[PDB]
There are 2 protein chains.
Amino acid sequence: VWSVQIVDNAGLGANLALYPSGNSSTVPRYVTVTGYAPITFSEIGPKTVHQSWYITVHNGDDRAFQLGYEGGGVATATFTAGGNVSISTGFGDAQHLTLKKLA
Amino acid sequence: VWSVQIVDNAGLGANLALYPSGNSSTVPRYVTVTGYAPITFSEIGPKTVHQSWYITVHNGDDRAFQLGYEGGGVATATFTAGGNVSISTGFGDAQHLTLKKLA
């Protein structure tokens, strides 16, 4: 099971939120930023990472990458200006994406 | 200002959710269905509808359509088999989208 932590270094404030928040679970989690497509975290397979456990990340519609973890997972998404997001679990390298504007 | 209400006629149960709440405001609303791209409701312009006020709907990262309303808006999304969603404000015609699986 895994949680999602959000670090706002982008001055996003109340524009940035996790739903549902506060859980370490298997269920999908959604990081939302007003004006952009939600980033979905979920257990959509198959496992491609080398670690025991995984979290798949979708940037809007599209599969962005997969994260791996051991023990109780914590995927931390760090936001910086320009829609930059760095996502890391502490296993393997952090991975970057950019928020997609809703048109 | 406007609210979103969801109606489960698809036996989704705990797999269907609305965020942040069913209350009225101008911020984005998000509807999630386990395993599918989330639906976003928000004021992404320009206004294409004939009504004074609008709510734009995105199916994942794609623009699905725009709803119009007068007075205090209520966008009601009704879910049926096959990930079929009918969305209406009671102004103009109801519009339809189909949920997309996250791959």
# chains A, B, ... in the order shown; residues from 1 in each chain; ligands from 1
call {"tool": "calpha_fit_and_write", "arguments": {"fixed": "chain B", "moving": "chain A", "output": "PDB file with C-alpha atoms, in the first residue's frame"}}
result
ATOM      1  CA  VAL A   1     -21.627  29.487  -9.397  1.00  0.00           C
ATOM      2  CA  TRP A   2     -22.489  25.818  -9.872  1.00  0.00           C
ATOM      3  CA  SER A   3     -22.569  22.430  -8.190  1.00  0.00           C
ATOM      4  CA  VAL A   4     -22.214  18.879  -9.538  1.00  0.00           C
ATOM      5  CA  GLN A   5     -24.789  16.145  -8.778  1.00  0.00           C
ATOM      6  CA  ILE A   6     -23.996  12.487  -9.424  1.00  0.00           C
ATOM      7  CA  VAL A   7     -26.645   9.825 -10.127  1.00  0.00           C
ATOM      8  CA  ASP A   8     -25.358   6.263 -10.008  1.00  0.00           C
ATOM      9  CA  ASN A   9     -27.491   4.048 -12.249  1.00  0.00           C
ATOM     10  CA  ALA A  10     -24.465   1.935 -13.109  1.00  0.00           C
ATOM     11  CA  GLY A  11     -23.959  -0.025  -9.876  1.00  0.00           C
ATOM     12  CA  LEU A  12     -20.672   1.785  -9.417  1.00  0.00           C
ATOM     13  CA  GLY A  13     -21.103   2.363  -5.649  1.00  0.00           C
ATOM     14  CA  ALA A  14     -17.948   3.540  -3.861  1.00  0.00           C
ATOM     15  CA  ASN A  15     -16.052   3.441  -7.177  1.00  0.00           C
ATOM     16  CA  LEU A  16     -17.812   6.693  -8.077  1.00  0.00           C
ATOM     17  CA  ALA A  17     -17.139   9.963  -6.242  1.00  0.00           C
ATOM     18  CA  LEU A  18     -17.007  13.747  -6.598  1.00  0.00           C
ATOM     19  CA  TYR A  19     -14.020  15.792  -5.284  1.00  0.00           C
ATOM     20  CA  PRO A  20     -14.384  18.296  -3.746  1.00  0.00           C
ATOM     21  CA  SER A  21     -18.080  17.536  -2.987  1.00  0.00           C
ATOM     22  CA  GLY A  22     -20.885  19.654  -1.509  1.00  0.00           C
ATOM     23  CA  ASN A  23     -20.024  23.053  -3.040  1.00  0.00           C
ATOM     24  CA  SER A  24     -21.684  25.571  -5.333  1.00  0.00           C
ATOM     25  CA  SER A  25     -18.678  27.484  -6.596  1.00  0.00           C
ATOM     26  CA  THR A  26     -16.400  28.555  -9.475  1.00  0.00           C
ATOM     27  CA  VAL A  27     -13.587  26.070  -8.611  1.00  0.00           C
ATOM     28  CA  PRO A  28     -12.868  22.908 -10.626  1.00  0.00           C
ATOM     29  CA  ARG A  29     -14.750  19.738  -9.663  1.00  0.00           C
ATOM     30  CA  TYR A  30     -13.644  16.198 -10.479  1.00  0.00           C
ATOM     31  CA  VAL A  31     -15.900  13.196 -10.936  1.00  0.00           C
ATOM     32  CA  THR A  32     -13.819  10.076 -10.422  1.00  0.00           C
ATOM     33  CA  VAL A  33     -14.594   6.437 -11.304  1.00  0.00           C
ATOM     34  CA  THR A  34     -12.043   3.802 -10.352  1.00  0.00           C
ATOM     35  CA  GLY A  35     -10.205   2.534 -13.438  1.00  0.00           C
ATOM     36  CA  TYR A  36     -11.053   5.560 -15.572  1.00  0.00           C
ATOM     37  CA  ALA A  37      -9.804   9.087 -16.243  1.00  0.00           C
ATOM     38  CA  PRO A  38     -11.439  11.781 -14.060  1.00  0.00           C
ATOM     39  CA  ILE A  39     -14.043  14.000 -15.680  1.00  0.00           C
ATOM     40  CA  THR A  40     -13.130  17.640 -14.884  1.00  0.00           C
ATOM     41  CA  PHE A  41     -15.753  20.395 -14.585  1.00  0.00           C
ATOM     42  CA  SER A  42     -14.346  23.936 -14.647  1.00  0.00           C
ATOM     43  CA  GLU A  43     -14.643  27.492 -15.924  1.00  0.00           C
ATOM     44  CA  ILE A  44     -12.048  27.111 -18.732  1.00  0.00           C
ATOM     45  CA  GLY A  45     -13.114  29.494 -21.502  1.00  0.00           C
ATOM     46  CA  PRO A  46     -14.173  30.977 -23.733  1.00  0.00           C
ATOM     47  CA  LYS A  47     -17.964  30.798 -23.361  1.00  0.00           C
ATOM     48  CA  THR A  48     -19.453  29.104 -26.447  1.00  0.00           C
ATOM     49  CA  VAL A  49     -22.919  28.386 -24.975  1.00  0.00           C
ATOM     50  CA  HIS A  50     -25.822  30.850 -25.330  1.00  0.00           C
ATOM     51  CA  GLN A  51     -26.698  30.933 -21.600  1.00  0.00           C
ATOM     52  CA  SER A  52     -25.316  33.622 -19.229  1.00  0.00           C
ATOM     53  CA  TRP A  53     -22.989  31.152 -17.460  1.00  0.00           C
ATOM     54  CA  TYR A  54     -21.049  28.045 -18.414  1.00  0.00           C
ATOM     55  CA  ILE A  55     -19.287  24.901 -17.185  1.00  0.00           C
ATOM     56  CA  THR A  56     -16.614  23.278 -19.383  1.00  0.00           C
ATOM     57  CA  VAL A  57     -16.210  19.506 -19.231  1.00  0.00           C
ATOM     58  CA  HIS A  58     -12.966  17.643 -19.862  1.00  0.00           C
ATOM     59  CA  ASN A  59     -13.002  13.872 -20.356  1.00  0.00           C
ATOM     60  CA  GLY A  60      -9.500  13.061 -19.109  1.00  0.00           C
ATOM     61  CA  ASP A  61      -7.199  15.304 -21.190  1.00  0.00           C
ATOM     62  CA  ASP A  62      -9.770  16.248 -23.798  1.00  0.00           C
ATOM     63  CA  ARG A  63     -12.417  18.920 -23.955  1.00  0.00           C
ATOM     64  CA  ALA A  64     -15.712  17.023 -24.170  1.00  0.00           C
ATOM     65  CA  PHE A  65     -18.271  19.891 -24.349  1.00  0.00           C
ATOM     66  CA  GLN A  66     -19.538  22.968 -22.563  1.00  0.00           C
ATOM     67  CA  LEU A  67     -22.741  23.306 -20.542  1.00  0.00           C
ATOM     68  CA  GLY A  68     -24.768  26.486 -19.951  1.00  0.00           C
ATOM     69  CA  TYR A  69     -26.856  27.638 -17.020  1.00  0.00           C
ATOM     70  CA  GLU A  70     -28.853  30.489 -15.546  1.00  0.00           C
ATOM     71  CA  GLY A  71     -29.126  31.246 -11.819  1.00  0.00           C
ATOM     72  CA  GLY A  72     -27.324  28.778  -9.539  1.00  0.00           C
ATOM     73  CA  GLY A  73     -26.122  25.981 -11.845  1.00  0.00           C
ATOM     74  CA  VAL A  74     -26.429  22.250 -11.143  1.00  0.00           C
ATOM     75  CA  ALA A  75     -24.601  19.941 -13.530  1.00  0.00           C
ATOM     76  CA  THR A  76     -26.025  16.450 -13.026  1.00  0.00           C
ATOM     77  CA  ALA A  77     -23.965  13.484 -14.283  1.00  0.00           C
ATOM     78  CA  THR A  78     -25.968  10.261 -14.607  1.00  0.00           C
ATOM     79  CA  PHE A  79     -23.997   7.030 -14.869  1.00  0.00           C
ATOM     80  CA  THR A  80     -25.161   3.847 -16.587  1.00  0.00           C
ATOM     81  CA  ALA A  81     -23.373   0.540 -17.245  1.00  0.00           C
ATOM     82  CA  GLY A  82     -20.739   0.502 -19.995  1.00  0.00           C
ATOM     83  CA  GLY A  83     -19.109   3.768 -18.872  1.00  0.00           C
ATOM     84  CA  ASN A  84     -22.009   5.857 -20.152  1.00  0.00           C
ATOM     85  CA  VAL A  85     -22.418   9.329 -18.694  1.00  0.00           C
ATOM     86  CA  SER A  86     -25.204  11.800 -19.424  1.00  0.00           C
ATOM     87  CA  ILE A  87     -24.534  15.360 -18.191  1.00  0.00           C
ATOM     88  CA  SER A  88     -27.235  18.008 -18.011  1.00  0.00           C
ATOM     89  CA  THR A  89     -27.866  21.408 -16.391  1.00  0.00           C
ATOM     90  CA  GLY A  90     -31.506  21.759 -17.484  1.00  0.00           C
ATOM     91  CA  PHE A  91     -30.425  24.303 -20.117  1.00  0.00           C
ATOM     92  CA  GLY A  92     -29.972  23.133 -23.670  1.00  0.00           C
ATOM     93  CA  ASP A  93     -29.720  19.408 -24.316  1.00  0.00           C
ATOM     94  CA  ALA A  94     -28.068  16.801 -22.108  1.00  0.00           C
ATOM     95  CA  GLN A  95     -24.731  15.668 -23.525  1.00  0.00           C
ATOM     96  CA  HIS A  96     -23.217  12.201 -23.529  1.00  0.00           C
ATOM     97  CA  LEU A  97     -19.660  10.944 -23.052  1.00  0.00           C
ATOM     98  CA  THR A  98     -18.041   7.609 -22.339  1.00  0.00           C
ATOM     99  CA  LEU A  99     -15.486   7.039 -19.616  1.00  0.00           C
ATOM    100  CA  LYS A 100     -11.917   6.473 -20.803  1.00  0.00           C
ATOM    101  CA  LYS A 101     -10.109   3.480 -19.339  1.00  0.00           C
ATOM    102  CA  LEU A 102      -6.697   4.182 -17.855  1.00  0.00           C
ATOM    103  CA  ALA A 103      -4.310   1.880 -19.712  1.00  0.00           C
TER     104      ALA A 103
END
call {"tool": "select_by_dssp", "arguments": {"residues": "chain B", "states": "strand (DSSP E)", "output": "PyMOL selection string"}}
result
chain B and resi 2-8+16-19+29-33+39-42+53-59+62-69+73-80+84-88+95-98
